[PDB]
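See below for the structure under consideration.
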Amino acid sequence: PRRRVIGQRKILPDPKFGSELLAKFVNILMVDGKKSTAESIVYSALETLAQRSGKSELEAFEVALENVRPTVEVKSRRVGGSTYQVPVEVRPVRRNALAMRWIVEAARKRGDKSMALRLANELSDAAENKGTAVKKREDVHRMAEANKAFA
Amino acid sequence: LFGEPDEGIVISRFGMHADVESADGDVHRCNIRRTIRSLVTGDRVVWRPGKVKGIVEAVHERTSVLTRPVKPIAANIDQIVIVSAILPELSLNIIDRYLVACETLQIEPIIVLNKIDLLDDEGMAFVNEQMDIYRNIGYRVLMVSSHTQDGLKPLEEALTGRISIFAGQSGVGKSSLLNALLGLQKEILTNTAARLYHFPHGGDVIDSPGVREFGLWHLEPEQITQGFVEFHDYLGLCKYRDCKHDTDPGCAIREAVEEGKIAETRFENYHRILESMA
Amino acid sequence: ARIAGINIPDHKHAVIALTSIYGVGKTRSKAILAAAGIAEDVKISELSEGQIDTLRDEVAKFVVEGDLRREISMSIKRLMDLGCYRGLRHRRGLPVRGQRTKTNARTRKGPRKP
Amino acid sequence: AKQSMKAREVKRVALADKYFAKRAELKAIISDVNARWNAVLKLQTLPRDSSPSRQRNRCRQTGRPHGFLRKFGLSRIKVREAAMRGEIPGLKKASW
Amino acid sequence: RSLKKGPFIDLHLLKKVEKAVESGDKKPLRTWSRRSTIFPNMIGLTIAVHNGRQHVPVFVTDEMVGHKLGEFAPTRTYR
Amino acid sequence: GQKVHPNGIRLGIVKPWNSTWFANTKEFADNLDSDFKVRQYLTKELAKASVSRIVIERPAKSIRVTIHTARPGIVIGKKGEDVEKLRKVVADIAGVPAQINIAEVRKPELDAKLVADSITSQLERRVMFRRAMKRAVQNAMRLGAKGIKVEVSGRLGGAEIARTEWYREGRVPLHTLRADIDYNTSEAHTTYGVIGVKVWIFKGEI
RNA sequence: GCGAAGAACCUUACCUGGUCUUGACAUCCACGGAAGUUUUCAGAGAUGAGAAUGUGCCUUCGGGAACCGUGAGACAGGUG
RNA sequence: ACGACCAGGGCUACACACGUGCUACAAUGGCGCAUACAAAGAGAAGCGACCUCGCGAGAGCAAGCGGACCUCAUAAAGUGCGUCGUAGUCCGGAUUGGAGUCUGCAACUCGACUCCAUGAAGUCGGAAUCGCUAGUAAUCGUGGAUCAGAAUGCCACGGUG
Numbered sequence: 001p002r003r004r005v006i007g008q009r010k011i012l013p014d015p016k017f018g019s020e021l022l023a024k025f026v027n028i029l030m031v032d033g034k035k036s037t038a039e040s041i042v043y044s045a046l047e048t049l050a051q052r053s054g055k056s057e058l059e060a061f062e063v064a065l066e067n068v069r070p071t072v073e074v075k076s077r078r079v080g081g082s083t084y085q086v087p088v089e090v091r092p093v094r095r096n097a098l099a100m101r102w103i104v105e106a107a108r109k110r111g112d113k114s115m116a117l118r119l120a121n122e123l124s125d126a127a128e129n130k131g132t133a134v135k136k137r138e139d140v141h142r143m144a145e146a147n148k149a150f151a
Numbered sequence: 035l036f037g038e039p040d041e042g043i044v045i046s047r048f049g050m051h052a053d054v055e056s057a058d059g060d061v062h063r064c065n066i067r068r069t070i071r072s073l074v075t076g077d078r079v080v081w082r083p084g085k093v094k095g096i097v098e099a100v101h102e103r104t105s106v107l108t109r110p116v117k118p119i120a121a122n123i124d125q126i127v128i129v130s131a132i133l134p135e136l137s138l139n140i141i142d143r144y145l146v147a148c149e150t151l152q153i154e155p156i157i158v159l160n161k162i163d164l165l166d167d168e169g170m171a172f173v174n175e176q177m178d179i180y181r182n183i184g185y186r187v188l189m190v191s192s193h194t195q196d197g198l199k200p201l202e203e204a205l206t207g208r209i210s211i212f213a214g215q216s217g218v219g220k221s222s223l224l225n226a227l228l229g230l231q232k233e234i235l236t237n251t252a253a254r255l256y257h258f259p260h261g262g263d264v265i266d267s268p269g270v271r272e273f274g275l276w277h278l279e280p281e282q283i284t285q286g287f288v289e290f291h292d293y294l295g296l297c298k299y300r301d302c303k304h305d306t307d308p309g310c311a312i313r314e315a316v317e318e319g320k321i322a323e324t325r326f327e328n329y330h331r332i333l334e335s336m337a
Numbered sequence: 001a002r003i004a005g006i007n008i009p010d011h012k013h014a015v016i017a018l019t020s021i022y023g024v025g026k027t028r029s030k031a032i033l034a035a036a037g038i039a040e041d042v043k044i045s046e047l048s049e050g051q052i053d054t055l056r057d058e059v060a061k062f063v064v065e066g067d068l069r070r071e072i073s074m075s076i077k078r079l080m081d082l083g084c085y086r087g088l089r090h091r092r093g094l095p096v097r098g099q100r101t102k103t104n105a106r107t108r109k110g111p112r113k114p
Numbered sequence: 001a002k003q004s005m006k007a008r009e010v011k012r013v014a015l016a017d018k019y020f021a022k023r024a025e026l027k028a029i030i031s032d033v034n035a040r041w042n043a044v045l046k047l048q049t050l051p052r053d054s055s056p057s058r059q060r061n062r063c064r065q066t067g068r069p070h071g072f073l074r075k076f077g078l079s080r081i082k083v084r085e086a087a088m089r090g091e092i093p094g095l096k097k098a099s100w
Numbered sequence: 002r003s004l005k006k007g008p009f010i011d012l013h014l015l016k017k018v019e020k021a022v023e024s025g026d027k028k029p030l031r032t033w034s035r036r037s038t039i040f041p042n043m044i045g046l047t048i049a050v051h052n053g054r055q056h057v058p059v060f061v062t063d064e065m066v067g068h069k070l071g072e073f074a075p076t077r078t079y080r
Numbered sequence: 001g002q003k004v005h006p007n008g009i010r011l012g013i014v015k016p017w018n019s020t021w022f023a024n025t026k027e028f029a030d031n032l033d034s035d036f037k038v039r040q041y042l043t044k045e046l047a048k049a050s051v052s053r054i055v056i057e058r059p060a061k062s063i064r065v066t067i068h069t070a071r072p073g074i075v076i077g078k079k080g081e082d083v084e085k086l087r088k089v090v091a092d093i094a095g096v097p098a099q100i101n102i103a104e105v106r107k108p109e110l111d112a113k114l115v116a117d118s119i120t121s122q123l124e125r126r127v128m129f130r131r132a133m134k135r136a137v138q139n140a141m142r143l144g145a146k147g148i149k150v151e152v153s154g155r156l157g158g159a160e161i162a163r164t165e166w167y168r169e170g171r172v173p174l175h176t177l178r179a180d181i182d183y184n185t186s187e188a189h190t191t192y193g194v195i196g197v198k199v200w201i202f203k204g205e206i
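Protein chains in written order, with the authors' numbering: chain G, 1 to 151; chain W, 35 to 85, 93 to 110, 116 to 237, 251 to 337; chain M, 1 to 114; chain N, 1 to 35, 40 to 100; chain S, 2 to 80; chain C, 1 to 206.
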């Protein structure tokens with residue numbers, strides 16, 4: 001994409017929210033290539049998050065994703081093989097994409113029954129800005145605005 | 035050219051020719067035909083006179106046990127003498143490089159420490175200790191002086207019935223020992252067809268000064284490894300594939316070094332050699 | 001009960017906790033356990049042991065534990081004693097329920113070797 | 001291939017009228033409980053060679069018993085090798 | 002184990018097992034045939050089936066019986 | 001040759017069917033067998049009368065081999081024998097009785113085929129492939145084509161190679177594919193190596 | 001997981017053993033079997049050995065076509 | 001003769017390494033149950049209902065219908081509940097046992113099926129490849145092809161993504 005750069009594809013959302021945020025995100029887990037059954041165990045978590053948010057399942061996500069999402073980043077493409085290190089604004093397609101992924105990437109293969117829990121336990125934590133995913137918002141921005149010496 | 039087929043061993047590389055000492059022992063400076071090419075000094079050859094000039098039209102260079110770039119010099123070298131002194135700087139990798147090679151080649155090193163006499167009580171000892179690393183590793187050390195040409199009999203006897211060779215660096219008195227051995231100086235040096256000599260107690264020796272100030276030759280990775288058999292044993296030590304003899308978790312070879320189960324030098328040398336081919 | 005697939009195949013989905021609890025394999029270990037009807041979605045130790053131990057006994061009339069393992073050993077042996085191909089392989093240390101000897105013959109030829 | 005991996009197969013049929021009898025595709029209509041009724045499940049003083057498993061699928065063009073394909077009488081070589089040009093009443097590969 | 006509903010025998014060979022009856026358990030017979038199955042009726046000798054070269058005698062130790070002559074007998078050779 | 005040629009994809013797509021008989025699957029192979037058993041035969045039978053294209057039909061499953069020949073006249077032969085024997089064979093080797101139908105080519109120089117073979121049967125005489133080729137490829141560009149290419153492989157002059165040398169002449173494509181590309185090959189299989197002759201004739205494009 | 005869309009043997013070639021050698025195949029010719037048939041036995045089978053049957057047109061039921069091999073070359077053979 | 005025939009063996013051996021795969025590991029995961037939407041493939045030696053049974057294997061028996069005529073043959077992921085609770089587990093399945101069943105002349109070597117019994121490693125993969133950016137990754141079924149007998153594969157097959 002050296003000629004014309006890009007985000008994601010064939011995504012599928014919610015028949016109850018229609019939220020893309022939730023769509024690109026529900027999706028992420030797939031590499032099961034079917035969120036005809038993916039989505040379910042995250043809702044138990046987002047439900048426990050729904051409560052934990054004081055909102056619904058939709059907006060259980062929302063809160064935790066807005067914590068999670070980066071507002072800046074540092075970007076690489078390697079111009080000349082060069083070590084890019086200058087602070088940049090994380091593009092939305094990343095904001096979202098990476099963020100959504102980050103939450104999901106923080107409740108993985110584990111040690112006990114039900115992801116429902118596993119997710120639940122990730123979810124509110126990301127709600128509280130002390131999730132893993134939100135800490136990637138709060139680590140990428142730390143590298144930003146403190147290095148600019150190299151090209 | 036043609037002549038009468040006769041056997042000989044190539045006594046010398048006569049530059050342009052090769053000089054062949056016949057089966058009888060008669061040396062004939064011979065031509066070497068466009069037709070033949072697998073010739074080296076030491077080859078048993080069919081050489082023919084003319085109808093001296095000879096011509097060579099058959100050779101006999103037996104199997105590899107040493108090269109430069116990667117091209118056998120001779121054969122029946124059952125022992126490689128890695129002969130050293132410090133000129134003009136030196137390193138443990140350099141002797142080891144030769145050792146790795148001796149080990150690869152399956153030609154016996156007899157590690158000869160020249161200038162033993164030169165080396166003070168401390169120095170001789172230090173050097174002996176170093177010589178010992180290799181020795182411990184399996185490569186016997188013979189203390190000689192380059193100059194004094196000491197331990198000459200133990201060396202000679204090691205030479206008996208076999209062919210030996212002089213390796214090292216910038217006329218590290220290798221040249222000196224060679225002179226003793228011969229009992230005639232045929233080389234000094236200080237800071251693949253060449254010439255061969257025959258031993259009286261039995262066996263032979265091959266020499267060239269050119270070899271002696273050093274550069275080094277092309278090789279492959281496995282050979283370096285062959286240079287160190289203790290690594291095989293370490294390869295088995297972690298995993299059914301031990302990383303790669305070098306660091307990475309579960310590199311036994313590396314561990315064995317960390318332990319000191321292997322000497323460090325072997326690993327180090329493994330690298331100087333490894334890098335050079337690459 | 002333990003049901004000669006020696007351990008209380010409870011708690012779990014719980015007959016199936018005797019597939020591999022010897023003797024009573026999968027099948028017998030079910031048919032034993034439902035010879036007192038104890039849960040198999042959940043436990044089998046939640047009920048009166050004597051109704052299950054009669055089963056332990058009932059199944060002490062099935063091929064079980066030591067003897068069956070022994071059977072297994074014996075039978076295996078049988079092969080060899082004649083010499084066979086089942087025999088042969090077993091006597092070759094080679095799999096008698098298979099795995100390539102050029103390649104990763106490893107459960108039966110240790111879980112990996114050069 | 002050779003004459004022979006093909007050539008092999010012609011020679012097999014003869015012995016039966018000089019020597020034997022006839023039974024060709026009728027020997028085992030007995031041998032189950034079709035309903040093992042042993043009747044032709046019991047002779048072998050007489051030749052061993054031949055069974056449909058001893059049969060293999062000789063390429064016609066080479067005799068190639070294998071490589072063979074159930075739709076051409078050939079082995080695949082000659083299949084493709086015939087297949088592309090046509091002289092056939094249709095074929096296609098146009099993104100397929 | 003697992004059964005091919007039908008096992009087998011062969012007549013020239015089976016005839017020979019009877020030959021090793023009226024010629025007893027003398028010394029091993031040679032057929033190349035391994036299609037025929039091991040039995041205690043194959044006790045009558047110990048019997049040698051071709052396994053390339055090798056006509057290997059099969060033991061009529063009849064805990065090997067659901068086992069043709071090639072089961073007991075060699076086939077391949079290997080390390 | 002080397003490649004999955006231009007004809008690295010072309011099979012029946014926009015290609016008139018030489019068998020064209022709607023036989024059907026069950027005997028289809030066999031229709032082809034017969035087809036190409038008369039083709040096998042046919043090309044042997046009119047190997048001098050100059051069949052330029054055998055087409056086969058089995059109208060109502062009654063083989064009907066259609067010949068385009070450089071000269072029908074020799075194909076019909078004197079007093080219809082040459083077509084007769086085809087009736088015999090074709091009826092009896094296509095099974096589906098012979099109809100044997102003779103037509104006269106568009107131009108043999110528009111035949112990849114003709115040209116190649118010609119050039120082979122030229123070559124064979126002790127003429128050069130250059131001469132032989134030349135003359136054909138020339139008089140194919142003359143009008144007997146408006147393109148014509150040869151694009152060979154195997155032992156060229158008897159060298160230790162098999163990579164493209166060719167004799168394109170005119171306006172000939174090899175990659176704008178809905179091209180009348182009469183393509184064939186011949187060869188002088190050589191008693192030196194192997195010479196592949198591969199001769200196309202561009203008859204235009206479609 | 002390279003050419004089998006199949007390597008049990010077979011296939012099969014290749015081991016390995018066993019066969020054959022105008023060759024296993026071929027082709028004519030003779031020749032016999034017409035053609036071609038009916039059936040037994042034995043050998044690992046290769047094949048080894050038995051008995052049976054029918055030959056239509058022309059016609060050494062050989063031939064010719066039968067249709068095969070042999071046998072023998074001519075001729076035949078090769079994924080040798 | 002390498003021609004060439006056969007028998008029977010040989011691949012596929014085994015310290016093995018390796019590729020190139022396959023597979024676990026699980027968590028909704030394994031596990032029980034409940035429970036819809038696929039498509040695409042295949043038929044007349046045929047495909048093959050019923051039927052019948054067999055868990056099945058198998059086995060016994062068998063219509064329709066040359067295929068929008070019947071039938072091979074059917075999606076499953078989907079979907080509705082429990083369970084268990086990444087436990088070498090119901091994971092996970094090696095390993096084996098023990099026997100059914102199958103195909104092929106016979107599989108006994110070097111052929112294929114159920115049950116039963118047995119149930120490693122594996123817990124996510126060190127070092128270390130590639131792929132891939134959508135219907136890809138990736139995933140559910142599904143299928144063909146041809147092999148006498150065998151589709152980790154190919155060849156196919158549509159769902160979901």
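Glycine is no exception: its CB is placed at the ideal position from the N, C-alpha and C atoms.
- Message: For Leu224/W and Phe172/W, what's the separation of their Cα atoms in angstroms?
- Response: For this step, residue 224/W is matched to residue 178 along the second sequence. For this step, residue 172/W is matched to residue 126 along the second sequence. Taking the straight line from one Cα to the other gives about 25 Å.
- CA-CA distance, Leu156/C and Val194/C? The residue you call residue 156/C lines up with position 156 of the sixth sequence. The residue you call residue 194/C lines up with position 194 of the sixth sequence. Approximately 8 Å between the Cα atoms of the pair.
- Query: With 8 Å set as the bound, which would you pick, yes or no: does the beta-carbon of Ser31/N sit closer than that to a beta-carbon of chain S?
  - Reply: Along the fourth sequence, read from residue 1 onward, the residue named residue 31/N stands at position 31. Yes - at least one Cβ of chain S is within 8 Å of the one on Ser31/N.
- Task: Return the first residue and the last residue of the alpha helix (DSSP H) that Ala145/C is part of.
- Result: Here residue 145/C is taken as the residue at index 145 of the sixth sequence, counted from 1. Element bounds for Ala145/C: n/a, residue is neither H nor E.
- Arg89/N versus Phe22/C: straight-line alpha-carbon distance, rounded: As a first step, residue 89/N must be located in the fourth sequence, where it is residue number 85. As a first step, residue 22/C must be located in the sixth sequence, where it is residue number 22. The C-alpha of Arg89/N lies about 18 Å from the C-alpha of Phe22/C.
- Query: Whole-angstrom Cβ separation of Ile48/S and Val18/S, contact assumed at under 8 Å?
  - Reply: Translated into the one-based positions of the fifth sequence, residue 48/S becomes position 47. Translated into the one-based positions of the fifth sequence, residue 18/S becomes position 17. Correct: roughly 7 Å between the Cβ atoms.
- Message: Once DSSP output is grouped into helix, strand and coil, what is the label at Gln176/W?
- Response: The residue given as residue 176/W occupies position 130 in the second sequence. Reduced to three states, the DSSP call for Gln176/W is helix.
- Name, going along the chain, the residues of the stretch 10–28 of chain S whose beta-carbon falls closer than 9 Å to a beta-carbon of chain N. Per Cβ criterion, the list reads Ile10, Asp11, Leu12, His13, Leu14, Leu15 and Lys16.
- Message: Just to confirm the assignment, what range does the alpha helix (DSSP H) spanning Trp102/G have?
- Response: Residue 102/G sits at position 102 when you count from the first residue of the first sequence. That run of the alpha helix (DSSP H) goes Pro92 to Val104.
- Query: Using a Cβ-Cβ distance under 8 Å, would residue 81/S count as near chain M?
  - Reply: Outside the shown range of chain S (2 to 80) lies residue 81/S, about which nothing can therefore be said.
- Query: So which residues of chain N does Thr20/C contact, with C-beta pairs closer than 7 Å?
  - Reply: As a first step, residue 20/C must be located in the sixth sequence, where it is residue number 20. Residues of chain N with a Cβ closer than 7 Å to the Cβ of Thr20/C are, in chain order, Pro93.
- Query: Which of helix, strand or coil does DSSP assign to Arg52/G?
  - Reply: Here residue 52/G is taken as the residue at index 52 of the first sequence, counted from 1. In the three-state DSSP reduction, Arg52/G falls in the helix class (H, G or I).
- Query: Just the Cα atoms here: how many angstroms apart are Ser75/M and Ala105/M?
  - Reply: By one-based count along the third sequence, residue 75/M stands at place 75. By one-based count along the third sequence, residue 105/M stands at place 105. Rounded to the nearest whole angstrom, the CA to CA distance from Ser75/M to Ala105/M is 22 Å.
- Message: Less than 8 Å between CB atoms is the rule here; does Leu11/C satisfy it with respect to chain N?
- Response: Translated into positions along the sixth sequence, residue 11/C becomes position 11. Closer than 8 Å: yes.
- Item | Closer than 8 Å to chain S by CB, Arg78/M | For the purposes of this step, residue 78/M is taken as residue 78 along the third sequence, with counting starting at 1. Yes, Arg78/M lies at the interface with chain S (some Cβ there is under 8 Å from its Cβ).
- Of all Cβ atoms in chain N, is any one closer than 8 Å to the Cβ of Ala116/C? Counted from its first residue, the sixth sequence places residue 116/C at position 116. Interface with chain N (8 Å Cβ-Cβ cutoff): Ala116/C is excluded.
- Item | Test: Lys46/N CB closer than 8 Å to a CB of chain S | Counted from its first residue, the fourth sequence places residue 46/N at position 42. It does; some Cβ of chain S falls within 8 Å.
- Find the residues of chain C that neighbour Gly71/N, judging by a C-beta separation of less than 7 Å, and give them in chain order. Here residue 71/N corresponds to residue number 67 of the fourth sequence, with the count starting at 1. Near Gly71/N there are no residues of chain C at all, since even the closest Cβ is about 17 Å away, more than 7 Å.
- Three-state secondary structure (DSSP) of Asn139/W: As a working mapping, residue 139/W is identified with position 93 in the second sequence. In the structure shown, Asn139/W sits in a helix (DSSP, three-state: H, G or I).
- Query: Tell me which same chain residues have a C-beta within less than 8 Å of the C-beta of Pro6/C, skipping the five on either side of it?
  - Reply: Sequence index remark: in the sixth sequence, residue 6/C carries index 6 (1-based). Here the set comprises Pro173, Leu174, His175, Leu177, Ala179, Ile181 and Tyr183.
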